[PDB]
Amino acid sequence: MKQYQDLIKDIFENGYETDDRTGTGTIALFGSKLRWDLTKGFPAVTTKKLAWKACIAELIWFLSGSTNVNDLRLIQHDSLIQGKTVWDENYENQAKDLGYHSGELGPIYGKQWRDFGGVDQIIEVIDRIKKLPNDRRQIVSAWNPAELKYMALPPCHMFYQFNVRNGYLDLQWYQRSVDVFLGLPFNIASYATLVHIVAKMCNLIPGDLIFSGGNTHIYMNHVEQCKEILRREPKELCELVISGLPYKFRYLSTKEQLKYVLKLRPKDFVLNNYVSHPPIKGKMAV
């Protein structure tokens, strides 16, 4: 892949080394977009052994309409209790700070996918693709103005449009704020897998992946370690294979196709002779 290396550099010349909300300093640029051909490989850029298994588990949970953290524990960890997870120290303060207890995050992404005002928008957006493919309204908004008030973290990824080529499916997200250092990697992968799963239901060839950015930012946290991801040429990229889904699958009714989807825990998604790179550390919670 090529275009990720570029963006990072172009945020440098951006100009605005600026103050922000829970201030310190950031160098950041408002207004980015990139495009990926999944045809020419699976774009999920490694380095740091990407905790991808927990990225795969958040996406499935998201697709289940859940909002209780222990459910996510069950998908990742086959255990409702043992095992940290990506929303834990996020529930333990922002969500518990609203009054919630042992489980709820509030009307988070999953619920707005499966229930925005009673519109089950996952199940029915896979029908427009199945049925009016070259339609343009095949969108799933997650920002619910009227329910922002009850959520732990209002969605950073809030919107997306699908486009049908002549045999390819394309997805495009809009993200409000991104941490290119340690965010944008987990997000490239989540919708890359979503255009895979939906292309397997619609039996379309996964096509291109486009990303629209709002406040793309790099934090002022001693950038020399992020810097290191410059100048390299990716050569051997990852194959992109899902398992456990029964042969009848692509003919099954949309509502019956997610039923089976949701039965896959993260072992079922795997990559062939995927580029190694080591894992260093250092993180900050979004």
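Counting begins at 1, following the sequence as shown.
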property: Stretch with the higher entry mean CA B-factor, where the candidates are 17-25 and 264-272; result: 17-25
property: Mean C-alpha B-factor comparison - 214-222 and 42-50, higher one; result: 42-50
property: Criterion, highest CA B-factor; candidates, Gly244, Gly65, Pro234, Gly31; result: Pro234
property: Selection by C-alpha B-factor (highest) of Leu258, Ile229, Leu59, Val69; result: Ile229
property: Third assignment of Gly83 from its chain's C-alpha B-factors; result: middle
property: Record-listed C-alpha B factor of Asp208: chain third; result: lowest
property: Third assignment of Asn163 from its chain's C-alpha B-factors; result: middle
property: Third assignment of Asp170 from its chain's C-alpha B-factors; result: middle
property: Third assignment of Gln76 from its chain's C-alpha B-factors; result: middle
